[PDB]
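Undergrad: Next input, structure requested:
(chains A, B, C, D and E)
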Amino acid sequence: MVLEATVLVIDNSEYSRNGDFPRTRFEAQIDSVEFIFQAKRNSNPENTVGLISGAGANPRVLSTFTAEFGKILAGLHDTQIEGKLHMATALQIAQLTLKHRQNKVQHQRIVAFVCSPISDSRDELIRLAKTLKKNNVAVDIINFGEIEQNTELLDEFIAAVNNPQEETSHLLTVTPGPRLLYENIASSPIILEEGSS
Amino acid sequence: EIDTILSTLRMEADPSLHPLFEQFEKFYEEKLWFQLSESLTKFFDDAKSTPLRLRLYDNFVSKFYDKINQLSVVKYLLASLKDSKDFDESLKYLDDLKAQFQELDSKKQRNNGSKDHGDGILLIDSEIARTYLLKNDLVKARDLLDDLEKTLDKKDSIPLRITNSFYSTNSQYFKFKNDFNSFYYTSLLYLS
Amino acid sequence: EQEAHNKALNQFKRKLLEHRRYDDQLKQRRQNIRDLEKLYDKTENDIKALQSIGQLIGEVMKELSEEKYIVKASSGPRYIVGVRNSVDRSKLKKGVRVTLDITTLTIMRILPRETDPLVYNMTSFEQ
Amino acid sequence: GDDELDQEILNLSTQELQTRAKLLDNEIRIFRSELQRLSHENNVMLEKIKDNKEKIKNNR
Amino acid sequence: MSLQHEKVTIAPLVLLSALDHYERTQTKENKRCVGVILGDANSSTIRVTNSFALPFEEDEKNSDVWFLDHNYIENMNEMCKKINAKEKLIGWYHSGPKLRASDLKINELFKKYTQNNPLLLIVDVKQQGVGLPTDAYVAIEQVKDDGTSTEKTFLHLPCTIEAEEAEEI
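TA: Residues are numbered from 1 along each chain as shown, chains lettered A, B, ... in the order given. The structure is reproduced below:
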């Protein structure tokens, strides 16, 4: 939505060398990011985007909040795919990035791509899910990792985050079959989303 | 295309290596090629010296070079020709495959910009030196050993894999020399 | 033509050629960044020299003690100076050119022999 | 465009040509990422020479 | 990266400045000020001339979770040249009483910008030690011959000072 700062979490994996999506998942994600930046920027150009990865054995900030479209892009040129996303720590590292903003009017939002089944514990992540909304952070989970035969720990995470709050958590699952990952995500409500106050 | 070749190898293969064969066909079709990496590793452990190993590997390397991990792909190749008792066969096959990856990294390395493929070339070179030692030539292996050694120092992050292969070359060289201690120090570094 | 679906393959012939001429915009810009990397460095090199300061040449006239030396500067007047540890005492002999600092007056390093500007015209005479 | 015309009706099917341009759409979406990647670096580089030369003209 | 080291020389300014920056982030109780370390290297003697704060957040729940603002580090370095064009990253300081095992993962991030293995200089703010109130490590990766795997570990080097005469008086 408008007046919004977004940390996009890109899942870095060997699961995204898979050619299910086009013509790996990673090369599909390059296109996707560019699209997302313009969507938000043309809704309101006081929005900013930060980017972290899972790459490494620990998450890392590739870009702090910047109004620069090219800095986000440069970040993807730097990132490495042999790393594995660990979601528990990535949420916590995003929360700190979301304290720093261009203006404090910018709302707090996480967008997370999932390309691997997550093997962090459910009860562990349910603490974190409820930490988010105290900080006023909601999380949109684009899911295409936990649908390669895996349970939805996610169902619980999204309900725990939702509350009266104009930041509203969303669960999106994206058709894994060829229709172009980026097309579906761009076409999916992301600037037509609603609050919950 | 490759479905046919796989099917002949399965029938030829053991009834215990048969269900592993099935898995290759499925993952290739499905484009889930990280799981394809998993099924190949399982197979090759109790197929090391069975002759299906090398034939299977020729099929998959020809198709995919980087949509299935580069480091995995080479690490299969080196073991296959260690078990190969024809050193003249070993030398050309490494030499041919080394050529492919060097050609590859002009295009893939910059576009993908997040996977390097030059690291594989180094792993291959270790075995070429070792084919000389299998042929009992110490000097040729040594000139490649010197190149490997400087190159390790040059990278300022080193995969475990590369420093292992580099020591493995050294260790085999020293016991053709019959020197005990030199072997010992090399193997200590390598085992760790 | 052979088809009237080849009225829509003209449209596809156009996309290919655009992409193959977009290949040439990949190759145009890949040549401008490698030239500008050296041009940003040629001026980066200028900053690191500019922020350095000069040094004043002398020669070791006479040992006084062992951590203090009499030099006769090339500005003229003799001074008493100390030394950096980088210069060794036994490479400090008399008639050896030294740097001094120009705000601390301390030897940092031994310098090659000084030589006249004039005698560099003289080796350029053999014509 | 030495392809995707009536030359290539002979070589492969007309439906191969329908889809082929649509695999070149993925391919230029990638070359566009890289070309715009290189737009941002030439914008930053030129301004990094401006930062250098500004001191240099003062000393000059 | 230089894999050759011997000593760390420290200017007096560095220590005092990290204590100042520490109280002005208002850090205490496992929130520890971490800034960049500036100076000369490609030298066995690491010569640290200056230090500055970075915007940094340390979570006390997990210290493996941390915030580092990477973008800021490039901008600051351009202003370091304005002061003197012979100051670069040669590590990062820690303000805490002692070495953490989350400090190894932090050290990774500064490798990207250093031509030398990155320095950990613990500037104490309780001023302990019977010599200088600084401990010094540099991260080295090595095989260990004890039958244990390859570690990256912080190995101790001596601490010394090099002070400008102007400053010393």
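Undergrad: what about the residue nearest the centre of chain C, helix or strand, and which?
TA: Central residue of chain C (C-alpha atoms, centre = their mean): residue C:45, 6.0 Å from the mean position. For residue C:45, the element it lies in under DSSP states H and E is helix C:10-50.
Undergrad: just checking, what packs against that helix?
TA: The contact analysis (3 or more C-beta pairs under 8 Å, 6 or more residues apart in numbering or on different chains; DSSP states H and E) places helix C:10-50 against helix D:16-59. C-beta coordinates here come from the backbone N, C-alpha and C atoms, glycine included.
Undergrad: shouldn't residue D:17 be in contact with residue C:12?
TA: Yes - shown here, residue D:17 and residue C:12 form a contact pair, counting by C-beta atoms under 8 Å, at 6.3 Å.
Undergrad: list residues touching both of these two?
TA: Shared contacts of residue D:17 and residue C:12 (C-beta atoms under 8 Å, 6 or more residues apart in numbering or on different chains): residue D:4.
Undergrad: More neighbours: the two, which one.
TA: Between residue D:17 and residue C:12, residue D:17 has the larger neighbour count (other C-beta atoms under 10 Å in any protein chain shown), namely 23 against 20.
Undergrad: Quick check: chain neighbours aside, which residue is closest to that one?
TA: Spatial nearest neighbour of residue D:17, chain neighbours left out: residue D:4 (5.0 Å); criterion: C-beta to C-beta, 6 or more residues apart in numbering or on different chains.
Undergrad: how close does that neighbour sit to chain A?
TA: 19 Å (C-beta to the nearest C-beta, to the nearest Å).
Undergrad: isn't there a strand covering that residue?
TA: No - counting by DSSP: H, G, I helix; E, B strand; the rest coil, residue D:4 is not part of a strand but coil.
Undergrad: secondary structure element for the spatially closest residue to residue A:128 that is not a sequence neighbour?
TA: Leaving out its chain neighbours, the residue that sits closest to residue A:128 by C-beta to C-beta, 6+ apart is residue A:91, at 5.1 Å. Using DSSP H and E, residue A:91 falls within helix A:87-99.
Undergrad: for that helix, packing partners?
TA: Against helix A:87-99 (3+ C-beta pairs under 8 Å, 6+ apart) you get strand A:4-10, strand A:48-53, strand A:60-66, strand A:107-114, helix A:122-134, strand E:66-68.
Undergrad: Okay, now the sheet partners of the second one, with direction.
TA: When sheet partners are counted by DSSP bridges, strand A:48-53 sits next to strand A:4-10 (parallel), strand A:60-66 (antiparallel).
Undergrad: of all those strands, which gets the most neighbours per residue?
TA: strand A:4-10 (a mean of 25; mean count of other C-beta atoms under 10 Å in any protein chain shown).
Undergrad: Mind listing residues that contact that one?
TA: In contact with strand A:4-10 (C-beta under 8 Å, 6+ apart) are residues A:29, A:33, A:36, A:40, A:44, A:47-54, A:59, A:65, A:76, A:79, A:85, A:90, A:94, A:97-98, A:101-102, A:106-113.
Undergrad: so how far is the helix holding residue A:91 off the chain centroid?
TA: 11 Å (C-alpha atoms, centre = their mean, to the nearest Å).
Undergrad: so residue E:137 sits in a strand?
TA: Yes - Residue E:137: assigned to a strand according to three-state DSSP.
Undergrad: Could you report the neighbour count for it?
TA: Residue E:137: 21 neighbours (other C-beta under 10 Å).
Undergrad: For it, list the residues it contacts.
TA: E:99, E:119-120, E:122, E:154-157.
Undergrad: following the helix holding residue C:45, which helix or strand comes up?
TA: Toward the C-terminus from helix C:10-50 - assigned by DSSP H and E - lies strand C:56-63.
Undergrad: Parallel or antiparallel, list what pairs with the helix or strand following that next one.
TA: Following strand C:56-63 in sequence order, the next helix or strand is strand C:69-73 (DSSP H and E). Applying DSSP bridges, strand C:69-73 is found paired with strand C:56-63 (antiparallel), strand C:78-83 (antiparallel).
Undergrad: What lies in contact with the lengthiest helix in chain A?
TA: Assignment by DSSP state H gives helix A:25-43 as the longest helix of chain A. Helix A:25-43 is contacted from outside by A:1-2, A:4, A:6, A:8, A:10, A:15-18, A:21-22, A:47, A:49, A:51, A:69, A:72-73, A:76, A:81, A:111, A:113, A:115, A:144, A:180-182, A:185-186, A:190-191, B:112, B:114, D:26, D:29-30, D:33, D:36, using C-beta under 8 Å, 6+ apart.
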